[PDB]
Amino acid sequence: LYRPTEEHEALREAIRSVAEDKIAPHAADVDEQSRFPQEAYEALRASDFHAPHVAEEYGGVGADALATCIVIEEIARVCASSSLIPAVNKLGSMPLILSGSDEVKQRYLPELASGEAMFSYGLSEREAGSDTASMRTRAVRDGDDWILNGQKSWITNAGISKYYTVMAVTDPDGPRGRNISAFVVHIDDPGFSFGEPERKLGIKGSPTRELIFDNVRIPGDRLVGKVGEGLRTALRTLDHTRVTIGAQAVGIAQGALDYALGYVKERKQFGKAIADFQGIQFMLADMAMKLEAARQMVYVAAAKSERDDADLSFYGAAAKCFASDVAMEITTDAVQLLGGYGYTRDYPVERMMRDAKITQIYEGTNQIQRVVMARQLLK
């Protein structure tokens, strides 16, 4: 009751030690250079932790939603950019799971579950970032095939994901929400290009790239879901990926709190370990307490996500909004807690603050989460 199965905890100790071993040192370096955490990718893949959400049918680990966030958490605790790997894979493969045809699922999800390829997910566009219902990217038919044209931006793991679940308008004059569909674009696919990797505040490692569609023709079997169903797919994909982002935020903050506690037990200003100043003790109390509320809520919403509960819209958004807020609130405090040392790149709290910010921004800025929560409350 109100706890992960102890199974989840064995899973956690696993992914935790994978994170402590193969991710952490590489996290500091990943961030500095803003290059992909490849070591993280081969270590997650080597431990079959790269995309544990995939079903058993395709060779996945079959992770529970709570189990899936646990992985994303335990990674973000040490490296936010790497933490995106199973998180972006769940995000980009979710339209393919929740609505994909059996043939398309069997095509694509086994290569992920195996580790051949990572997914990215192209929904946002620069002239309609949060207003995903009124996008510009275009899927016109051409024979059996599909021509995509247009813009996707803020696409995570771009350049590295092989597969890109794009959402493009199929019938530009139908009832909003029924004119958009999802198509798995490959890196192969001619005319599909990437934009410059963005110069990011945090997640500097995991590339956030614009991806351009210049008459990208693609077979008909890469339609995922039916036609027009792309927004009804994207909504349930948000519904489920919000909680992954919540867990990522919880994780970023957890790593920050861990360095905070360690540093306060080691260092001694005014003769004593700063850990024992009641001020700092209050600060750690708020950090730990907020973090634990955010954790429990992302976990509740994950329970809401595998059980596919009714109010998953609300709690998912809320868990994402709060966890991210908490992450900022905590990681900033963590930086504050290490004083001068904290704003040094030698210690991870700096990176962790820079990293936590996107949890408040990307996958729908928490203002959108508040819009969603409000619309859900007025029912």
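Residue numbers run from 1 along the displayed sequence.
Of the two segments, 269-277 and 205-213, the one listed with the higher mean B-factor is 269-277 (C-alpha atoms only).
If you average the C-alpha B-factors over 186-194 and over 246-254, the higher value belongs to 186-194. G60: CA B factor in the highest third of modelled residues in this chain (values from the PDB entry).
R222: CA B factor lies in the middle third for its chain, per the PDB record.
In the deposited entry, the Cα temperature factor of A80 places it in the lowest third of its chain's modelled residues. For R295, the recorded CA temperature factor ranks within the lowest third of the chain's modelled residues. Remark: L231 belongs to the highest third of its chain, ranked by C-alpha B-factor as recorded.
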